């Protein structure tokens, strides 16, 4: 997260850190708890990943330092990538991680509500992006989960900043005209939480962006409301 600040412990209970154990353990991507055995994240976060056996999901984490060899984690039973996903910039950057065990909810770890199809008219004005990603283009994974409030921008506005790409209605962008605040490397798979009517909704999933926090270069996210049917279908045993 560029231009953000340290999060308060338990402030973003749906946020999880996805680690890979190969060659040695490290933070791979962010993710969101949406069900007792389900993590919603980015599909492009599994590039090179031949098996779910090298994955570990940690919930209720604030500082990466809390993670050690003796720290409990959730195993991943299955990685579910959207069948139309090819690459982040082309859309469909969404994936589900079915955990080997169930998450026992508590104040430090609970699921975030998915947006409703009826809410596609809502004008979320209180949106936050979170993660342990870079605080600058050339950086490293942060110890403390960061947060940054960022305004949504119209898809038409976003397309203007990415005349090289196709910003579809299945994507949603957020950023400042002058930049300064944005998600960055390591935040991928992270949630783009927006508080509407006193309730947090998983509006987007951190996907891609040209550089990080550059002026006239909004962060691009998977537009979650467009995948509620997919999520339900893939979550229904």
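Positions refer to the first chain, counted from 1.
Look at the mean CA B-factor for 153-161 and for 84-92 in the entry; the higher one is 153-161. Mean C-alpha B-factor is higher over 136-144 than over the other stretch, the pair under comparison being 136-144 and 103-111.
Comparing the listed residues 208, 58, 176, 38, the entry records the largest Cα B-factor for 176. In the PDB entry, residue 19 places in the lowest third of its chain by CA B-factor.
Among the modelled residues of its chain, residue 49 has a C-alpha B-factor that falls in the highest third according to the deposited record. The entry lists a Cα temperature factor for residue 64 that places it in the lowest third of the chain's modelled residues. Sort the chain's modelled residues by C-alpha temperature factor and residue 121 lands in the highest third, per the entry. Remark: residue 188 belongs to the lowest third of its chain, ranked by C-alpha B-factor as recorded.
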